[PDB]
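Protein chains in written order, with the authors' numbering: chain n, 1 to 95; chain f, 2 to 89; chain o, 3 to 132.
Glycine included, C-beta positions come from ideal geometry on N, C-alpha and C.
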Amino acid sequence: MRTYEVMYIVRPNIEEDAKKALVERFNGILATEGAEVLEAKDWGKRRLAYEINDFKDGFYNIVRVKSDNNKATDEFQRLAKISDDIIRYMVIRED
Amino acid sequence: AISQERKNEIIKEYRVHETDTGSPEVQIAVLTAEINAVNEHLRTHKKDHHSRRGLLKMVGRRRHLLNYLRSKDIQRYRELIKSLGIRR
Amino acid sequence: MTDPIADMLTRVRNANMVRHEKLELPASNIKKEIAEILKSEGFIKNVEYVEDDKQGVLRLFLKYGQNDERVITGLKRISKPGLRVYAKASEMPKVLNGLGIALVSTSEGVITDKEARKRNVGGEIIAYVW
RNA sequence: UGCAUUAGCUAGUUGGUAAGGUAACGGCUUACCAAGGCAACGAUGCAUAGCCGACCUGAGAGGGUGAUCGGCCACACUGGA
RNA sequence: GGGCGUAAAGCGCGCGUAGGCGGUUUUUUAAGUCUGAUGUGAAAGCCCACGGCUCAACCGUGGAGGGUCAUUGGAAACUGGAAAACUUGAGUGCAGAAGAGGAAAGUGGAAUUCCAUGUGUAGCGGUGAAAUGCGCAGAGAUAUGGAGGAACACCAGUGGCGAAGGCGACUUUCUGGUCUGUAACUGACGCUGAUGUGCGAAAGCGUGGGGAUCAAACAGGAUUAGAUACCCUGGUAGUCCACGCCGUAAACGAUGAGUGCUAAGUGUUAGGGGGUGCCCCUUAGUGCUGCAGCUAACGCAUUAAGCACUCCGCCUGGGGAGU
RNA sequence: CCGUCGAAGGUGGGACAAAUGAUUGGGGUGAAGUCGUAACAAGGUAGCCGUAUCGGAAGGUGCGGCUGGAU
């Protein structure tokens, strides 16, 4: 019904061990009460076309997350503003 | 609640060769699972009162389907009770 | 359908007021001779034969005069579901002593009121559609 | 008969069989027997009245429905054995 | 022999099954309408007649005679309750846009008060006529400045409104959720609804805090043949935040209730096509536009109270009585 | 003789009733003798709901509500 395309970017300096626990929390709020997703990915070394906060790198893990309870793209938006973990996210409502 | 193909395994294994929904034993089974599927949304959303009556209406429409199950179904009445988790 | 002749009574009456030659009364399983019981006299004129499929719709084929003169001055409901108006050997009514045909069905199907007293029975006339 | 200025009642309530003896089975007692069950059929409280065959009555649709005069049911200061 | 409006009538109670009652095609084994044991068929019974008492009580007719005591065993495609089945128009709202369901706000700079020191001394709180206020042993006026509040003028819109319920000195939260053109998914159609959570402006409630330009009362000022009133004023209370909770309304403009159709639309905040917005866009959340027919009239009609779909329902002695 | 049951009575507290004084109210009354436009038009204050108040009878300075406002 209400699909959401979240394309959040992580910090350029984060340990893999902590990165696994960082994506676990993001996936925990995305796959909460039913995942209903398409396919997960894990982009690595790459360059962004636009610059935001003058960084050096940034791990990627953008995955499609279809929802019906409208609670998967809730905390995520707040996570990329209050805490200093996410920088550039996304908020697409297109099916 | 559950997705079309995420709860079509119950219908297929409990319905005759037709690959479709609308059966009295299929509707009752697909509605009972829906209540359990929306049971996690009935906890956090307890302050709201515009969905609590919705389940009652869903059970009210299920009564009619259950009324036909009490007509002439004895082995088809306990088949949707010993297999799932309900009373009677 | 809550009332058998619900639309039936709200069709001919409305068609006899707006002058509707052809009518479209939702035909049923008993909505045939009940809407054409006055086919003997001329109240509801007459029709060939109810032709449709599994209770579809039946016409009445109403007819008027030169300046659209309606013979029926509004039709009201009397014998409906629930209560029963069974005229036995109590007392048969009379006004002009013979003219048209009404609702008196027993074991002869659809009969007129000419021999209504002869049979001394008063039931409701009905028939199937096609 | 209703109570709004009361809204509830039966617990061997609901059915079990056996000590007898009367017009009779016998939850009569007989051995034992349930939880909120019975009950809305207001059972359980009241209202309390002798009951009927009758005469007026809307024009019929509605409504009344006992003084007669006989059946019965009573009573015999008060109770009780 | 009662309305679902002035009459005799708007449950503000928006969220829910009183089994009273609200299309589901086909379809059933016989709920059923009119036939069947009839002997009996009597009666201070209206007995079809029946006996006279003149004005009075003069009583036989059980078959007639009804006041009988053949009305199916029965002919199912069918009040409320429907298995095989698909649909959009509604479900989340399928793509939409203003909603940020919601700004309380530190650095903040603009004030009635003291005073650094000024529209700094007649400046302001300041009257239907009727202003009170700022030393008598020592006394306000705010362009400012060293201050703001319950901090905040504009984005707060005939907004989405989902129940009587539309947000900020830009500003963040998605919180069920409601809607018009559209149907991706199974299929199946009622009562402003028995769970009316007793939700419910308002004084009173969990007012944490509260009382400041101020402001009831109070000093008062004022008439004319008549006004402690009201007006204004120094002037307590009186108005204020999370924390069981808090309840009448002009909740209904005295104006609640499932109908449509024989004129067009269907606006709002601003978002949308046929394809270029020229022809289309039924209509709803919202503002509703009159004509068949009713209603004694008044008045209901692309959302009648004509007539085909729910329980409800109000006038009963005017009264007394809302006591 | 032990016992079994019985009327009857002393009465137990309550309800129940009826007068009695004192009362506190009704429901009008003694007919504008007591005071007054207590309200309606454009009603010296333009109209009107629940309320803190609320009078020998008569309301409004608060609390939220009102076009039912004329030239």
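Among the options, the one whose alpha carbon lies nearest that of residue i
i	options	result
residue 31(n)	88(n), 76(n) and 85(n)	76(n)
residue 109(o)	67(o), 122(o), 78(o) and 27(o)	122(o)
residue 72(o)	78(o), 79(o) and 64(o)	64(o)
residue 86(f)	6(f), 46(f), 36(f) and 59(f)	36(f)
residue 119(o)	105(o), 66(o) and 26(o)	105(o)
residue 66(o)	129(o), 130(o) and 21(o)	21(o)
residue 10(n)	61(n), 71(n) and 28(n)	61(n)
residue 4(o)	30(o), 14(o) and 17(o)	30(o)
residue 13(n)	87(n), 73(n), 57(n) and 89(n)	57(n)
residue 60(f)	78(f), 80(f), 48(f) and 30(f)	30(f)
residue 73(n)	86(n), 90(n) and 85(n)	90(n)
residue 41(f)	82(f), 81(f), 3(f) and 78(f)	3(f)
residue 8(f)	16(n), 19(n), 4(n) and 34(n)	34(n)
residue 62(o)	68(o), 79(o) and 44(o)	44(o)
residue 136(o)	16(o), 98(o) and 95(o)	Shown here, chain o extends from 3 to 132; a query on residue 136(o) therefore has no answer.
residue 128(o)	85(o), 38(o) and 59(o)	38(o)
residue 148(o)	19(o), 58(o), 113(o) and 60(o)	This structure does not reach residue 148(o), given that chain o is present from 3 up to 132, and the question cannot be answered.
residue 116(o)	131(o), 132(o) and 98(o)	98(o)
residue 88(o)	23(o), 69(o), 126(o) and 59(o)	126(o)
residue 19(n)	88(n), 42(n), 64(n) and 49(n)	42(n)
For residue i, the residue or residues it bridges with in DSSP
i	result
residue 50(n)	For residue 50(n), which the question treats as bridged, DSSP gives no partner whatsoever.
residue 5(n)	92(n)
residue 66(o)	Paired residue(s): none; residue 66(o) is not in a bridge.
residue 27(o)	60(o)
residue 88(o)	According to DSSP, residue 88(o) bridges with nothing at all.
Assumed close pair residue i, residue j - CB separation to whole angstroms, cut-off 8 angstroms
i	j	result
residue 36(n)	residue 67(n)	7 angstroms
residue 56(f)	residue 25(f)	No, residue 56(f) and residue 25(f) are not in contact; Cβ-Cβ is about 20 angstroms, not under 8 angstroms.
residue 15(n)	residue 92(n)	The Cβ separation is near 30 angstroms, so there is no contact.
residue 9(o)	residue 27(o)	6 angstroms
residue 43(f)	residue 63(f)	17 angstroms between Cβ atoms; not a contact.
Proximal residues of chain n, C-beta to C-beta of residue i below 9 angstroms
i	result
residue 84(f)	None at all; the shortest Cβ gap to chain n is about 23 angstroms.
(message) Give me the subset of the stretch 30-54 of chain f whose CB atoms are less than 8 angstroms from a CB atom of chain n, sorted by chain position.
(response) Flagged, chain order: 41 and 42.
(request) Compile a chain-ordered list of the residues in the stretch 19-37 of chain n whose CB is closer than 9 angstroms to at least one CB of chain f. (result) Residues passing the 9 angstroms Cβ filter: 33, 34 and 36.
(request) Please list the residues of the stretch 69-93 of chain n that have a C-beta atom closer than 9 angstroms to any C-beta atom in chain f, keeping them in chain order. (result) If the cut-off is 9 angstroms between Cβ atoms, the stretch 69-93 of chain n has 69 and 71 near chain f.
(request) Using a Cβ-Cβ cut-off of less than 7 angstroms, list which residues of the stretch 4-31 of chain f approach chain n; keep chain order. (result) Under the 7 angstroms Cβ criterion, the stretch 4-31 of chain f contributes 4.
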